[PDB]
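Peer 1: This is the structure, below, for whatever I ask next.
Using ideal geometry, Cβ is built from the backbone for each residue, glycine included, and neighbour counts are taken over all protein chains shown. Each answer follows from the model by the rule given with it, or from the source it names; none is laboratory data.
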Amino acid sequence: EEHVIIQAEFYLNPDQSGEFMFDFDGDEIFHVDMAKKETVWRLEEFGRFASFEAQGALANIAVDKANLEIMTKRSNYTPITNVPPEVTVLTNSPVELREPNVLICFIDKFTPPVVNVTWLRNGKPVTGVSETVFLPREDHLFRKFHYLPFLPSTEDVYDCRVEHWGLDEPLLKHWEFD
Amino acid sequence: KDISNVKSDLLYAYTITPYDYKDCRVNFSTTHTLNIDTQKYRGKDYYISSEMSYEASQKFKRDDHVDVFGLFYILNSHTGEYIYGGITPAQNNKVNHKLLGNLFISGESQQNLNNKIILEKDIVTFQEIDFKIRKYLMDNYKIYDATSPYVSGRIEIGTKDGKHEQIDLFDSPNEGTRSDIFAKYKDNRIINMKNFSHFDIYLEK
Amino acid sequence: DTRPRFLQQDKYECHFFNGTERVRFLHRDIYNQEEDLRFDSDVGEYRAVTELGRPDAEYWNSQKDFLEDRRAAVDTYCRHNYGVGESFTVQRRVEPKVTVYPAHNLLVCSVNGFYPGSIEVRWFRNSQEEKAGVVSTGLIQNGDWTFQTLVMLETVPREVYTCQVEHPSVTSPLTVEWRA
Amino acid sequence: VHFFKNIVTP
Ligand SMILES: [Zn+2]
């Protein structure tokens, strides 16, 4: 199997939130935003090479929601078994003092595509945004990548706070130079 | 060349019945030309003169059996008939190829035009493919009608290799006559259906 | 939050073999996580994967129409999209960037920002490809169409060992020596 | 330019 393209889409309740996207050999080629109704490229440059009628994905989502209702009942109302997420914090590149970098918080193997992630420096929360959309896993679970650009030091001790309906307590992760 | 003029030229150019003679002999062959004896179709001493590029003009040779399918650019000229390309090795065994296709209209939802066009040759000329798709598009989407919205669009001939070949749908070069419009067919370009995957249509506005 | 959640996933996937020589389409309807209904080209019709999905299979299978549209996805969908992205996915190459730093002395070769994931990293010592006593992080997805990996070499310093990296985006193997 | 085509869900 040289290459695989996947059109992955879901719809959840009572969250009433969909998601539509294309996964190529692993990465998100692009996704449609149900909020702004606008196709969003994982790589801004892609848009220069191809287009996709955003309106199209929302149609399916509509349909998908419906299938959820019609399937929810058919299953004699059996919810989704929460499945905890296995967090982890690697680095975009070999850390080296002051020289700009990126902290990656790889969330993987969780299933209810609903999560909350908070970044912490020294201890107080840090904000801007930067995250991917729920990517699919061959086992129908999920993996999401969260980001944080930082300027290495030795004093600071960063934290990725993952909140999922899996752990009865938030999941924390430490990280610092050496 | 305001699209407004492009369109009418195409509408008018393409409102035509193609020359479609099956399994005829090639009397003689030069470069620019290639003579075909369409005797068992039209009449006694009649024929078809297909104008074509050198490259193409040399693969065929006298006594050859071939299939003609071309859009004319001149008429009422005695015993002769003149086209550009539209010549492929004759088809001997009966065949039928239902073409698959996607119809993207800048603005409307995706729509697919599968099995709505059938080719009866294993080896076919883009002319022949280009013609039928256009005719269909005209007959139903009125893509060249004075009133039609579409300001532009094209045809993509998808191959199984994973490639696409564009064929602008609103393009009227020079005066904009069947002679201008239909001479791009000189290259007598063909395709082997074993390699035809599907086609894509794009229409803007 | 104790409110239960009911999920519905749909995966339309394309599998390519030898470029686009022969593909394979596959639709998977997934309630929560179990793949109940399916459809495979090699098959031609929708098949149930779990009882929960049979009611639908028989349904859709009754609309010859809709079943032809799915049968034709290997053409109008897969080969198509493959070729619509070709330029920036299958033919994507991004030169790595290797650096060397000491973790029985320690050695760690970090290969960053590369693509595709098919790559090879080697540890040489003066004149030998020392293939023993080296742990690796394996290939790691970054999320932004670039990978990374670290091979940990374990030896006692003195000489000069170096990391040799060869990836589909650079014919002449890349190199970075470490003064020990 | 090119367009990615999506499988319409009925
Ligand atoms: Zn195509």
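Peer 1: Can you tell me which residue in the range B:95-114 is nearest to the ligand (Cβ to nearest atom), limited to those that are part of a loop (DSSP other than H, G, I, E, B) and loosely packed, with under 13 Cβ neighbours inside 10 Å?
Peer 2: B:111
Peer 1: To continue, here is another question. Name the residue, out of A:16, A:7, that is closer than 26 Å to residue C:5 by Cβ and either out of contact with any strand residue (DSSP E or B) (no Cβ under 7 Å at 6 or more places or on another chain) or surrounded by fewer than 22 Cβ atoms within 10 Å (Cβ to Cβ) (or both).
Peer 2: Exactly one of A:16, A:7 is closer than 26 Å to residue C:5 by Cβ and either out of contact with any strand residue (DSSP E or B) (no Cβ under 7 Å at 6 or more places or on another chain) or surrounded by fewer than 22 Cβ atoms within 10 Å (Cβ to Cβ) (or both), namely A:16.
Peer 1: Checking residue C:14 against (1) in a helix (DSSP H, G or I); (2) surrounded by 15 or more Cβ atoms within 10 Å (Cβ to Cβ); (3) within 15 Å of the ligand (Cβ to nearest atom), which test does it fail?
Peer 2: (1)
Peer 1: Output the residue which, of all residues in the range B:135-164 that are among the basic types (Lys, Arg), farther than 22 Å from residue B:53 by Cβ and in contact with a helix residue (DSSP H, G or I) (Cβ under 8 Å, 6 or more places away or on another chain), is nearest to the ligand (Cβ to nearest atom).
Peer 2: Within the range B:135-164, the match that is nearest to the ligand (Cβ to nearest atom) is B:160.
Peer 1: Another question, if that's okay. Looking at this structure, is residue B:129 in a strand (DSSP E or B), surrounded by 20 or more Cβ atoms within 10 Å (Cβ to Cβ) and in the same structural domain as residue B:8 (by CATH)?
Peer 2: Judged against the criteria, residue B:129 is not a match.
Peer 1: Another question, then. Can you tell me which condition residue C:41 does not meet? The list is (1) small (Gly, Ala, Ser); (2) buried (at least 18 other Cβ atoms within 10 Å of the Cβ); (3) within 7 Å of another protein chain (Cβ to nearest Cβ), and all the others hold.
Peer 2: Only one criterion is unmet by residue C:41, namely (3).
Peer 1: Using beta carbons and a limit of 8 Å, which pairs, at least six apart or on different chains, have the first residue in the range B:181-205 and more than 14 Å from every other protein chain (Cβ to nearest Cβ) and the second one within 15 Å of the ligand (Cβ to nearest atom)?
Peer 2: B:191/B:129; B:191/B:157; B:191/B:159
Peer 1: Mind listing just one residue for me: the one in the range C:71-95 that is charged (D, E, K, R) and surrounded by fewer than 22 Cβ atoms within 10 Å (Cβ to Cβ) and, of those, farthest from residue B:110 (Cα to Cα)?
Peer 2: The residue in question is C:95.
Peer 1: Using the structure shown, decide if residue A:23 is surrounded by fewer than 17 Cβ atoms within 10 Å (Cβ to Cβ), outside the structural domain of residue A:129 (by CATH) and under 19 Å from the mean Cα position of the chain (by Cα).
Peer 2: The answer is no for residue A:23.
Peer 1: Scan the range A:66-78 and report the pairs whose first residue is more than 7 Å from every other protein chain (Cβ to nearest Cβ) and whose second residue is of a type outside the set (S, T, N, Q) and surrounded by 12 or more Cβ atoms within 10 Å (Cβ to Cβ), with Cβ atoms within less than 7 Å and a gap of 6+ or a chain change.
Peer 2: none
Peer 1: Related question: Considering each residue of the range B:178-187, count those that are of a type in the set (A, V, I, L, M, F, W, C) and surrounded by fewer than 19 Cβ atoms within 10 Å (Cβ to Cβ), and give that number.
Peer 2: Total meeting the criteria: 1.
Peer 1: Search the range A:84-110 for residues being outside any strand (DSSP E or B) and touching a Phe, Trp or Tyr at 6+ places or on another chain (Cβ under 6 Å), and hand back the single one that is farthest from residue A:165 (Cα to Cα).
Peer 2: A:95
Peer 1: For the range C:71-95, what are the residues that are polar (S, T, N, Q) and either within 9 Å of the ligand (Cβ to nearest atom) or touching a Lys or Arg at 6+ places or on another chain (Cβ under 7 Å) (or both)?
Peer 2: C:76, C:81
Peer 1: Next question. Going by the conditions given, is residue C:122 charged (D, E, K, R), more than 14 Å from chain B (Cβ to nearest Cβ), in contact with an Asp or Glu (Cβ under 6 Å, 6 or more places away or on another chain) and surrounded by 15 or more Cβ atoms within 10 Å (Cβ to Cβ)?
Peer 2: For residue C:122, the condition - charged (D, E, K, R), more than 14 Å from chain B (Cβ to nearest Cβ), in contact with an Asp or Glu (Cβ under 6 Å, 6 or more places away or on another chain) and surrounded by 15 or more Cβ atoms within 10 Å (Cβ to Cβ) - is met.
Peer 1: Also, I was wondering about something else. Kindly establish whether residue C:53 is away from the ligand (no atom under 16 Å from the Cβ) and assigned to a helix (DSSP H, G or I).
Peer 2: So residue C:53 passes the test.
Peer 1: Out of all the residues in the range A:138-178, which are hydroxyl-bearing (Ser, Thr, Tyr) and either within 14 Å of chain C (Cβ to nearest Cβ) or part of a loop (DSSP other than H, G, I, E, B) (or both)?
Peer 2: Matches in the range A:138-178: A:147, A:153, A:154.
Peer 1: Another question about this same structure. Given the conditions (1) among the aromatic types (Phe, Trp, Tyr); (2) more than 19 Å from residue A:134 (Cα to Cα); (3) crowded, with 16+ Cβ neighbours inside 10 Å, report the number of the one that residue A:77 does not fulfil.
Peer 2: (3)
Peer 1: Let me ask something additional. Of the residues B:167, B:201, B:190, which single one is more than 16 Å from the ligand (Cβ to nearest atom), under 25 Å from residue D:2 (Cβ atoms) and surrounded by 16 or more Cβ atoms within 10 Å (Cβ to Cβ)?
Peer 2: B:190
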